[PDB]
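Trainee: Take this structure first; my questions come after.
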Amino acid sequence: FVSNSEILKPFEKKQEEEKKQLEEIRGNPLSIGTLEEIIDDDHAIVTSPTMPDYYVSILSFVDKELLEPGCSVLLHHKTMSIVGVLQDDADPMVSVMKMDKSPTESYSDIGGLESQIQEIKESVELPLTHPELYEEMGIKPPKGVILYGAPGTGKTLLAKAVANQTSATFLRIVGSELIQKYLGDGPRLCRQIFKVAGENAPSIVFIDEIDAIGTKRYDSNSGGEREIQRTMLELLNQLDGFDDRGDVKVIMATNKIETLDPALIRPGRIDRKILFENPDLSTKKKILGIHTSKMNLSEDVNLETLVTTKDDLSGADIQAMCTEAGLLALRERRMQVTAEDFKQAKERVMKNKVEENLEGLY
Amino acid sequence: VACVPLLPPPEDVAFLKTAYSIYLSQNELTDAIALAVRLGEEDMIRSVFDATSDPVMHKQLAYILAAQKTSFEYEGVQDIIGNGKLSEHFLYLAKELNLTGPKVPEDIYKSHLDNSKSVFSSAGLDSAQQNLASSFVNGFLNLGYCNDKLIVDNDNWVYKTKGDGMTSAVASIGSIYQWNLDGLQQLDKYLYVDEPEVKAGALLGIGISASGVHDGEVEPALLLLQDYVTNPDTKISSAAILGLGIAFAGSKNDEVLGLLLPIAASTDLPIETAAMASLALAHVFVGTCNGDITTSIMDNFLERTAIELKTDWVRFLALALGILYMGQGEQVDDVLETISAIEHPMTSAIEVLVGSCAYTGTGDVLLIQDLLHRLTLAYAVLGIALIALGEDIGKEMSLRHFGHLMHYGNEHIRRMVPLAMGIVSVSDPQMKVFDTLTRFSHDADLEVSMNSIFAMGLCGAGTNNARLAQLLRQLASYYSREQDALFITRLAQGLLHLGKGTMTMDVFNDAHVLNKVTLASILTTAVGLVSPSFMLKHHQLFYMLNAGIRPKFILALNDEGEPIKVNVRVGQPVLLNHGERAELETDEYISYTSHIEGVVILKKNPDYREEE
Amino acid sequence: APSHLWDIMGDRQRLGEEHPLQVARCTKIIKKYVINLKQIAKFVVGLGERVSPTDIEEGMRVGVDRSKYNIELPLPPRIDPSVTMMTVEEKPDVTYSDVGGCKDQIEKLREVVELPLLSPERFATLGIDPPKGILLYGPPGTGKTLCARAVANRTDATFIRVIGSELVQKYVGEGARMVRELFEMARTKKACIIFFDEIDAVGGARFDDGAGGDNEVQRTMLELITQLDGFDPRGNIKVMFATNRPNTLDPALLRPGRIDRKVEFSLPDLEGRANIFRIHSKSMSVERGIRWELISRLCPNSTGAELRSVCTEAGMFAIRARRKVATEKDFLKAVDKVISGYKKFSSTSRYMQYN
């Protein structure tokens with residue numbers, strides 16, 4: 001009664017009076033611009049997309065700590081005054097492309113790497129989710145891990161399941177998008193990726209399939225020989241040009257890290273080397289059982305037979321035989337897939353592309 | 001087990017209650033496991049002991065029985081029946097009376113923390129004004145570690161304090177000696193000296209050191225302490241209600257019940273010193289079945305018997321009813337009569353959430369819809385916190401609901417949001433509540449700021465910095481001002497060193513059921529903690545956290561359950577033994593009956609002889 | 001919160017027309033001021049009410065009124081630079097004592113950089129010229145940038161970070177503008193520090209034939225040399241060139257006239273690698289009675305990047321091997337891990353020197 005009349009009543013009345021004063025500031029004569037520089041005199045020069053020049057003062061609700069060069073502030077049409085700081089107009093429009101919040105992945109499909117899975121967890125999942133581990137002991141957690149191995153081992157799926165446990169934004173980078181040839185432009189795009197990761201501080205940085213130009217391998221976007229120097233050394237200048245104790249963790253992954261520049265490896269940031277291998281026959285039943293959980297199997301079909309037949313195959317090859325055997329019975333409109341479809345699937349998918357060494361016995 | 005609890009986004013656990021009809025005269029070795037856990041009806045828990053004739057298998061059932069509490073707590077299982085019995089379906093030995101509960105193992109656990117000790121900030125300082133600051137710090141910092149340097153040699157941080165400061169100074173000594181075989185003989189120095197001020201802290205220190213053991217280990221020492229409840233002395237009567245009330249948790253006695261009725265009815269501040277007396281009946285009798293305890297408070301609520309005058313204590317009686325109707329079934333109607341009698345701002349949301357223990361569950365359709373009508377007050381967030389645990393639909397909405405409700409005149413709703421979120425803050429870190437604490441730190445009165453530092457410490461209690469780096473920036477605004485302000489700023493820092501820096505807050509057990517005794521300490525501090533707010537009562541209100549702290553241990557036992565070192569999967573120091581420190585560790589080995597994590601008894605197949 | 005503390009002044013500095021000036025640059029001074037608008041329009045005006053005749057200078061932005069053109073307030077020159085405004089940092093992380101061990105690399109840099117800034121009158125007695133530039137290249141992984149940041153902490157002034165890829169822009173000829181943006185702030189802000197990072201991407205001699213589109217790289221250094229040593233020897237602040245490919249640089253870049261003090265990092269010896277584990281012994285957990293001189297002896301000559309990885313990986317064995325703190329047994333396992341396990345790439349070890 002007494003407190004509610006002296007608090008709630010003047011609060012709702014003051015908020016309505018502040019909006020009335022915005023008619024001379026945020027009212028219809030309103031425009032925007034691009035901030036250039038700020039001076040200690042409470043004045044700045046801002047250029048709108050129509051390329052004018054406006055030198056005015058700074059209004060309320062905003063300080064100079066939030067005003068940075070290159071951003072977009074808010075202007076006025078008549079008085080031309082700077083209102084306040086705002087985010088990127090229309091936004092960069094980067095929401096989910098290489099980045100997301102909580103991807104859906106488990107440890108069953110990546111099974112078989114458990115020997116090397118405990119290495120990435122303790123160096124990434126443990127320090128990020130449990131920061132008290134390295135703080136109480138005073139040790140420095142690994143600031144990055146390198147990924148090397150044959151494809152099909154779930155290289156992307158390895159860090160995908162870790163991102164769901166950390167409950168943080170998981171960044172990715174395509175190797176071919178940084179080397180795009182417009183004019184130069186190679187190092188310019190690299191800075192914009194790490195700049196966004198510094199504002200919100202997701203504390204997760206990952207790169208999938210590092211390629212650049214080893215030799216050629218491109219047509220539309222080439223870059224020449226000068227692109228190799230300005231690209232591969234730009235990723236080095238991120239860790240070498242800045243010292244970040246506990247936040248940015250850079251993780252690099254590709255098919256072959258040997259041909260890469262030893263300077264690009266940046267020793268001392270990545271203290272862990274993880275090797276990828278194909279899963280053994282013991283872990284194939286976990287992946288096969290998931291895809292066949294919704295599949296109708298006949299009485300003569302045994303799961304232990306398909307696992308024994310598989311020799312030197314990736315994780316995608318387990319679901320490939322289930323897809324091929326499922327389409328054979330789908331064309332004939334059968335409920336339970338016959339054992340003949342499973343036999344023809346495991347034999348065909350085994351040898352398709354390269355049947356023979358083409359020369360000698362090797 | 002893996003189907004009934006969660007099919008849909010929500011959860012309904014009430015389906016196990018209907019099974020009692022068909023399993024009445026039969027049950028099963030496996031069936032009695034699911035009935036004894038979760039809801040844990042009195043008839044369901046006693047069924048697993050009847051279906052199992054092996055007295056060795058009855059041991060493992062007793063280790064989880066002490067953690068469940070609820071149904072079987074007071075006399076009739078523990079104490080009298082727990083001393084010993086000879087029959088087929090009982091088989092309660094003396095080892096089950098002690099080794100199962102935190103009685104014998106807490107002493108062996110106390111010696112393990114001596115070698116794990118870290119750098120301590122403990123100091124005696126000089127003046128009694130700043131001795132109270134170090135008294136609260138030394139209480140939770142040295143918990144589990146015996147320190148004889150400050151307690152014996154230098155009494156400057158004890159003897160110089162007088163009044164309520166002397167009562168809180170000895171409370172730190174009881175916490176240092178907590179989890180010991182006998183905590184009464186350690187306080188015999190200050191037990192009887194000269195004044196009742198020195199004699200007051202003894203009952204508060206013994207009550208904290210006796211937390212977890214109601215009947216004593218080798219002697220009924222706490223039974224003789226029931227005569228100190230009613231005292232004409234001033235300071236002793238204050239510490240006897242709150243201190244012994246924590247130690248008496250789990251004991252149903254008409255003597256303690258009869259003495260606390262006139263204390264809370266009259267509410268005599270200079271003599272009886274009644275503060276937690278309303279919550280003393282709630283914390284001691286939680287989990288029991290009493291139909292007359294709500295009626296006696298109902299008559300004192302409406303009539304205001306004896307000299308009871310101030311309306312703040314009148315609301316405290318209605319808020320103390322919240323724990324009283326838990327597990328009482330259809331007896332919740334006594335609380336509904338108090339809401340329609342005297343209208344309070346916190347009683348509008350009580351009538352909605354009385355169905356938590358009445359319907360044997362929460363998260364219903366009408367329960368959620370009625371909370372939106374009351375909010376669009378302070379009590380409505382209790383049932384929402386229970387929904388966020390088993391249901392993620394209301395958990396996301398609770399983030400926006402808890403944010404707007406933290407702004408209110410009284411501090412009741414202000415202390416409930418960080419306390420409920422702080423317990424689950426270790427599992428699910430949330431910085432949305434910490435951002436609201438900015439205005440809650442500096443609002444108007446410095447007393448609100450004094451209660452703000454202690455409220456922020458309950459969130460990260462048992463963890464120093466780490467995920468609190470975002471919250472630590474709010475704590476950096478308070479360092480040192482004056483001698484009296486040192487006790488204000490050290491409220492959060494004292495809780496960061498709890499358990500020597502590493503602790504885990506667990507309000508539930510491995511049986512998939514929450515402990516009502518631990519839940520009783522949540523509403524105890526919410527209704528309490530009046531000293532940092534207006535109308536300062538007693539400084540002893542800062543030690544109520546020990547009533548809800550669950551001991552962290554895992555027993556390594558042989559096939560016979562004897563306290564012998566067994567080599568198995570290690571926990572959280574590197575050798576698991578009886579009373580060894582570990583937490584959050586699963587078990588893949590086969591056990592006798594009702595396989596649980598933590599404390600478990602393991603067996604080996606007859607084909608080989610092994611300790612696993 | 002300060003809503004009403006401002007609008008009170010809104011009836012003078014705002015409603016009236018003063019500030020809304022059209023930014024433009026003056027060209028010729030007749031003492032009639034010829035000023036070219038940003039819209040590409042030229043005009044002539046005089047002085048203002050508060051304008052001093054000595055304030056207006058050639059090649060400086062001068063704000064003029066939009067309706068009736070007149071000079072009101074002068075503006076700082078070079079409003080076009082943008083990216084270089086973010087190159088200024090403050091309060092770095094690595095301190096002066098963070099460099100492991102005390103060697104010749106530390107003592108030679110502090111005398112040619114920190115000494116003339118802190119004690120400008122020491123060399124004035126003999127009347128000599130302190131070295132303007134320095135040289136730090138060495139092999140990678142040795143903490144080259146760690147030693148460069150140790151100097152910026154003792155200086156307590158403006159630090160200009162220049163990336164080798166920043167000189168090359170997305171427009172032909174813009175790279176020459178980026179060079180003048182670095183030396184223009186040297187005159188505006190006195191006693192600052194500029195640091196080049198990986199100049200190999202720019203600095204070098206590519207001759208002529210074999211590419212045809214690479215001539216844009218060599219034109220940046222020829223402007224950088226002119227802005228460094230031109231017809232007029234204009235310079236104040238010290239200049240630091242750092243890259244990991246010294247052999248591929250311009251053979252004239254290593255000549256005197258720009259870089260004087262030449263300090264090349266070398267592989268630390270048994271005495272040098274001993275202090276690397278000692279400066280890291282204060283952190284993490286070190287068992288009492290462990291001698292790090294025996295651990296550094298088993299490790300052969302390598303870069304400093306693998307040395308700090310030993311103490312970091314040593315704490316990782318305690319979790320898998322079930323250990324409380326870091327013991328001597330876990331230190332020997334790090335030798336077979338950080339060194340023997342990583343012997344496949346992940347290192348230089350006399351890899352990149354010349355070719």
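For the structure tokens, the naming scheme is as follows: chains receive sequential letters (A, B, ...) according to their order of presentation, residues are indexed from 1 within each chain, and ligands are indexed from 1 in presentation order.
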Report as JSON lines: every residue of chain B with an atom at most 9 Å from chain A, its closest pair of atoms, and their distance in Å to one decimal, counting only C-alpha atoms, with rows sorted by chain and ascending residue number.
Mentor:
```
{"residue": "B:409", "atom": "CA", "partner": "A:3", "partner_atom": "CA", "distance": 7.9}
{"residue": "B:463", "atom": "CA", "partner": "A:132", "partner_atom": "CA", "distance": 8.1}
{"residue": "B:464", "atom": "CA", "partner": "A:132", "partner_atom": "CA", "distance": 8.1}
{"residue": "B:465", "atom": "CA", "partner": "A:132", "partner_atom": "CA", "distance": 7.8}
{"residue": "B:466", "atom": "CA", "partner": "A:132", "partner_atom": "CA", "distance": 5.0}
{"residue": "B:467", "atom": "CA", "partner": "A:131", "partner_atom": "CA", "distance": 6.7}
{"residue": "B:501", "atom": "CA", "partner": "A:136", "partner_atom": "CA", "distance": 8.7}
```
Trainee: Hey, list the chain B side of the contact with chain C: 10 Å cut-off, only C-alpha atoms, answer as a count of residues only.
Mentor: 3
Trainee: Wanna dump the chain A-chain C contacts at 8 Å for me, each residue with its shortest atom pair and the distance in Å to one decimal, counting only C-alpha atoms, ordered by chain and number, as a Markdown table?
Mentor:
```
| residue | atom | partner | partner_atom | distance |
| --- | --- | --- | --- | --- |
| A:36 | CA | C:82 | CA | 7.0 |
| A:37 | CA | C:79 | CA | 7.8 |
| A:52 | CA | C:22 | CA | 7.8 |
| A:53 | CA | C:22 | CA | 5.4 |
| A:54 | CA | C:20 | CA | 5.8 |
| A:55 | CA | C:20 | CA | 5.6 |
| A:56 | CA | C:19 | CA | 5.3 |
| A:57 | CA | C:19 | CA | 7.8 |
| A:59 | CA | C:6 | CA | 7.2 |
| A:60 | CA | C:3 | CA | 6.0 |
| A:61 | CA | C:1 | CA | 6.8 |
| A:69 | CA | C:82 | CA | 7.0 |
| A:70 | CA | C:82 | CA | 7.2 |
| A:79 | CA | C:14 | CA | 6.8 |
| A:80 | CA | C:20 | CA | 7.0 |
| A:137 | CA | C:284 | CA | 5.8 |
| A:138 | CA | C:284 | CA | 4.1 |
| A:139 | CA | C:284 | CA | 3.9 |
| A:140 | CA | C:312 | CA | 5.9 |
| A:141 | CA | C:312 | CA | 7.0 |
| A:142 | CA | C:312 | CA | 7.2 |
| A:182 | CA | C:170 | CA | 7.9 |
| A:183 | CA | C:170 | CA | 5.1 |
| A:184 | CA | C:170 | CA | 5.1 |
| A:185 | CA | C:170 | CA | 5.7 |
| A:187 | CA | C:165 | CA | 6.3 |
| A:226 | CA | C:214 | CA | 7.3 |
| A:229 | CA | C:201 | CA | 5.6 |
| A:230 | CA | C:165 | CA | 5.6 |
| A:233 | CA | C:198 | CA | 7.7 |
| A:234 | CA | C:165 | CA | 7.0 |
| A:237 | CA | C:197 | CA | 7.5 |
| A:240 | CA | C:145 | CA | 7.0 |
| A:241 | CA | C:145 | CA | 7.4 |
| A:243 | CA | C:93 | CA | 6.9 |
| A:258 | CA | C:345 | CA | 6.5 |
| A:262 | CA | C:347 | CA | 6.1 |
| A:263 | CA | C:140 | CA | 6.7 |
| A:265 | CA | C:346 | CA | 6.2 |
| A:266 | CA | C:141 | CA | 7.0 |
| A:267 | CA | C:305 | CA | 5.4 |
| A:268 | CA | C:305 | CA | 4.6 |
| A:271 | CA | C:309 | CA | 6.1 |
| A:273 | CA | C:342 | CA | 7.8 |
```
Trainee: In region 258-348 of chain B, what's alpha helix (DSSP H) per DSSP? Answer as an NGL selection string?
Mentor: :B and (258-266 or 277-284 or 293-303 or 311-324 or 333-339)
Trainee: Can you pull out the residues contacting residue 353 (chain B)? Cut-off 8 Å, using only C-alpha atoms, and skip same-chain residues under 4 positions away; I want them as an mmCIF file with N, CA and C atoms, in the first residue's frame.
Mentor:
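As a result, part_26.cif now contains:
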```cif
data_model
loop_
_atom_site.group_PDB
_atom_site.id
_atom_site.type_symbol
_atom_site.label_atom_id
_atom_site.label_comp_id
_atom_site.auth_asym_id
_atom_site.auth_seq_id
_atom_site.Cartn_x
_atom_site.Cartn_y
_atom_site.Cartn_z
ATOM 1 N N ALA B 349 -0.383 -18.573 -2.499
ATOM 2 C CA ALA B 349 0.204 -19.650 -3.284
ATOM 3 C C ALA B 349 0.327 -20.958 -2.514
ATOM 4 N N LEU B 367 -2.310 -27.670 -11.246
ATOM 5 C CA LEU B 367 -1.313 -27.109 -10.341
ATOM 6 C C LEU B 367 -0.508 -26.005 -11.016
ATOM 7 N N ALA B 380 5.044 -19.659 -4.388
ATOM 8 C CA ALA B 380 4.737 -20.359 -5.632
ATOM 9 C C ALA B 380 5.971 -20.942 -6.309
ATOM 10 N N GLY B 383 7.023 -25.276 -5.640
ATOM 11 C CA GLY B 383 6.557 -26.335 -6.517
ATOM 12 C C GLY B 383 7.121 -26.267 -7.919
#
```
Trainee: Pick out the residues sitting within 12 Å of residue 381 (chain B), and hand them over as a count of residues only; count only C-alpha atoms, and ignore anything fewer than 3 positions along from it in its own chain.
Mentor: 41
Trainee: Could you tell me, as an MDAnalysis selection string, which residues of region 2-241 of chain A DSSP assigns to strand (DSSP E or B) when given the backbone?
Mentor: chainID A and resid 30:32 34:39 43:47 54:58 73:76 82 85 100 145:149 170:171 174 205:208
Trainee: Could those selected residues go to a file with N, CA, C and O atoms, as a compact mmCIF listing (two decimals), in the first residue's frame?
Mentor:
```txt
# COMPACT_ATOMS: atom_id res chain seq x y z
N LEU A 30 14.44 10.15 -38.20
CA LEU A 30 15.44 9.23 -37.67
C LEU A 30 16.20 8.59 -38.82
O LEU A 30 15.61 8.22 -39.84
N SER A 31 17.52 8.46 -38.65
CA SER A 31 18.38 7.85 -39.66
C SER A 31 19.49 7.08 -38.94
O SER A 31 19.56 7.06 -37.71
N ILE A 32 20.36 6.44 -39.73
CA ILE A 32 21.45 5.63 -39.21
C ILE A 32 22.75 6.07 -39.88
O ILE A 32 22.77 6.99 -40.70
N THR A 34 27.41 4.95 -40.05
CA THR A 34 28.55 4.11 -39.70
C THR A 34 29.54 4.95 -38.90
O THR A 34 30.03 5.98 -39.39
N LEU A 35 29.84 4.50 -37.68
CA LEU A 35 30.77 5.24 -36.82
C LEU A 35 32.20 5.09 -37.33
O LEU A 35 32.62 4.01 -37.76
N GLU A 36 32.95 6.19 -37.27
CA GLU A 36 34.34 6.21 -37.73
C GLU A 36 35.29 6.33 -36.55
O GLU A 36 36.05 5.40 -36.27
N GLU A 37 35.29 7.46 -35.84
CA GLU A 37 36.19 7.67 -34.71
C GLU A 37 35.50 8.52 -33.66
O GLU A 37 34.54 9.24 -33.95
N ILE A 38 36.00 8.43 -32.43
CA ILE A 38 35.45 9.18 -31.31
C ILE A 38 36.56 10.03 -30.70
O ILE A 38 37.74 9.67 -30.74
N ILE A 39 36.16 11.17 -30.13
CA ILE A 39 37.08 12.13 -29.54
C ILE A 39 36.64 12.39 -28.11
O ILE A 39 35.46 12.26 -27.77
N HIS A 43 32.27 14.14 -29.14
CA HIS A 43 31.89 14.36 -30.52
C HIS A 43 32.48 13.26 -31.39
O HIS A 43 33.51 12.67 -31.06
N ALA A 44 31.81 13.00 -32.51
CA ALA A 44 32.23 11.94 -33.42
C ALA A 44 31.73 12.25 -34.82
O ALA A 44 30.81 13.05 -35.01
N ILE A 45 32.33 11.59 -35.80
CA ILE A 45 31.97 11.73 -37.21
C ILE A 45 31.39 10.40 -37.68
O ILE A 45 32.05 9.36 -37.56
N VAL A 46 30.17 10.44 -38.21
CA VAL A 46 29.46 9.24 -38.64
C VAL A 46 29.00 9.43 -40.08
O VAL A 46 28.51 10.51 -40.45
N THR A 47 29.17 8.39 -40.90
CA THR A 47 28.82 8.43 -42.31
C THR A 47 27.69 7.45 -42.58
O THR A 47 27.81 6.26 -42.30
N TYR A 54 28.43 14.05 -40.70
CA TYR A 54 27.71 14.58 -39.55
C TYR A 54 28.65 14.61 -38.35
O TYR A 54 29.12 13.56 -37.90
N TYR A 55 28.92 15.81 -37.85
CA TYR A 55 29.74 16.01 -36.66
C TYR A 55 28.83 16.58 -35.57
O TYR A 55 28.42 17.74 -35.64
N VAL A 56 28.53 15.76 -34.56
CA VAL A 56 27.59 16.14 -33.50
C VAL A 56 28.07 15.62 -32.16
O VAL A 56 29.18 15.08 -32.04
N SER A 57 27.23 15.76 -31.13
CA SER A 57 27.54 15.33 -29.78
C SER A 57 26.97 13.94 -29.53
O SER A 57 26.45 13.28 -30.43
N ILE A 58 27.05 13.49 -28.28
CA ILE A 58 26.58 12.17 -27.87
C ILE A 58 25.44 12.35 -26.88
O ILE A 58 25.53 13.17 -25.96
N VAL A 73 26.03 3.14 -35.62
CA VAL A 73 25.31 3.86 -34.57
C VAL A 73 23.99 4.36 -35.14
O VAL A 73 23.62 4.03 -36.27
N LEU A 74 23.27 5.15 -34.35
CA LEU A 74 21.97 5.68 -34.74
C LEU A 74 22.05 7.20 -34.82
O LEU A 74 22.55 7.84 -33.89
N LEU A 75 21.57 7.77 -35.92
CA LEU A 75 21.64 9.20 -36.18
C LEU A 75 20.25 9.81 -36.19
O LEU A 75 19.25 9.15 -35.90
N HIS A 76 20.19 11.10 -36.52
CA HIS A 76 18.94 11.84 -36.58
C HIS A 76 18.87 12.58 -37.91
O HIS A 76 19.91 12.89 -38.52
N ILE A 82 23.82 11.88 -32.53
CA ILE A 82 24.06 10.45 -32.32
C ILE A 82 23.23 10.00 -31.12
O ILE A 82 23.39 10.52 -30.01
N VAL A 85 24.38 3.40 -29.18
CA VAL A 85 25.05 2.29 -29.85
C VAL A 85 24.03 1.23 -30.22
O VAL A 85 23.06 0.99 -29.48
N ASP A 100 26.33 -23.70 -34.28
CA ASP A 100 25.03 -24.05 -33.73
C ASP A 100 25.12 -23.97 -32.21
O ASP A 100 26.12 -23.52 -31.65
N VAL A 145 43.76 -29.34 -29.64
CA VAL A 145 44.06 -30.71 -30.03
C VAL A 145 44.06 -30.79 -31.55
O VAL A 145 43.34 -30.06 -32.24
N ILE A 146 44.89 -31.69 -32.07
CA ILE A 146 45.00 -31.91 -33.51
C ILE A 146 44.40 -33.26 -33.85
O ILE A 146 44.48 -34.22 -33.06
N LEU A 147 43.77 -33.34 -35.01
CA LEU A 147 43.06 -34.54 -35.46
C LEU A 147 43.71 -35.04 -36.74
O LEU A 147 43.86 -34.28 -37.70
N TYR A 148 44.08 -36.32 -36.76
CA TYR A 148 44.72 -36.93 -37.92
C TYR A 148 44.24 -38.37 -38.04
O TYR A 148 44.08 -39.06 -37.03
N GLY A 149 44.03 -38.82 -39.27
CA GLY A 149 43.61 -40.18 -39.50
C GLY A 149 42.87 -40.31 -40.82
O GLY A 149 42.64 -39.33 -41.53
N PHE A 170 29.45 -24.27 -30.95
CA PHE A 170 30.50 -25.04 -31.61
C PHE A 170 30.75 -24.45 -32.99
O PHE A 170 29.92 -24.60 -33.89
N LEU A 171 31.89 -23.79 -33.15
CA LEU A 171 32.27 -23.16 -34.41
C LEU A 171 32.94 -24.15 -35.34
O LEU A 171 33.64 -25.07 -34.91
N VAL A 174 35.23 -24.03 -43.01
CA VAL A 174 35.55 -24.78 -44.22
C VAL A 174 36.92 -24.36 -44.71
O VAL A 174 37.28 -23.18 -44.69
N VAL A 205 36.60 -23.47 -30.65
CA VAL A 205 36.99 -23.15 -32.01
C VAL A 205 37.43 -24.44 -32.69
O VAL A 205 38.38 -25.09 -32.24
N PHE A 206 36.74 -24.81 -33.77
CA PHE A 206 37.04 -26.02 -34.51
C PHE A 206 37.06 -25.71 -36.00
O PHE A 206 36.35 -24.81 -36.47
N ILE A 207 37.88 -26.44 -36.74
CA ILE A 207 37.98 -26.31 -38.19
C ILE A 207 37.88 -27.71 -38.79
O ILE A 207 38.63 -28.61 -38.40
N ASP A 208 36.97 -27.88 -39.74
CA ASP A 208 36.71 -29.18 -40.35
C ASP A 208 37.31 -29.22 -41.74
O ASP A 208 37.07 -28.33 -42.56
```
Trainee: How many Å separate CA of residue 194 (chain B) from CA of residue 238 (chain B)?
Mentor: 17.5 Å
Trainee: What's around residue 446 (chain B) at 10 Å? Count only C-alpha atoms, leave out sequence neighbours fewer than 6 positions away in its own chain, and write the answer as a ChimeraX atom specification.
Mentor: /B:452,488,532-533
Trainee: Can you write out the residues you just picked, keeping C-alpha atoms, as a compact mmCIF listing (two decimals), in the first residue's frame?
Mentor:
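So part.txt came out as:
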```
# COMPACT_ATOMS: atom_id res chain seq x y z
CA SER B 452 22.90 -10.59 -0.27
CA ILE B 488 29.20 -9.13 6.31
CA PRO B 532 20.54 -10.18 8.28
CA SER B 533 17.11 -8.70 7.49
```
Trainee: Can you list, as a list in words, every protein, DNA or RNA residue that comes within 10 Å of residue 224 (chain C) when you count only C-alpha atoms, leaving out same-chain residues fewer than 3 positions away?
Mentor: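 Residues near the query, excluding close chain neighbours: residues 167, 175, 176, 178, 179, 180, 182, 183, 203, 219, 220, 221, 227, 228, 229 and 230 of chain C.
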Trainee: Quick one: everything within 8 Å of region 295-304 of chain A, counting only C-alpha atoms, minus sequence neighbours fewer than 5 positions away in the same chain. Send it as a VMD selection string.
Mentor: chain A and resid 285 288 335 to 339 342
Trainee: Counting only C-alpha atoms, figure out which residue out of B:181, B:264, B:45, B:244 gets nearest to residue 203 (chain B).
Mentor: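 Among B:181, B:264, B:45, B:244, it is B:244 that comes nearest to residue 203 (chain B).
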Trainee: Quote the spacing between CA of residue 287 (chain A) and CA of residue 315 (chain A) in Å to one decimal place.
Mentor: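 Computing it gives 7.7 Å between the two atoms.
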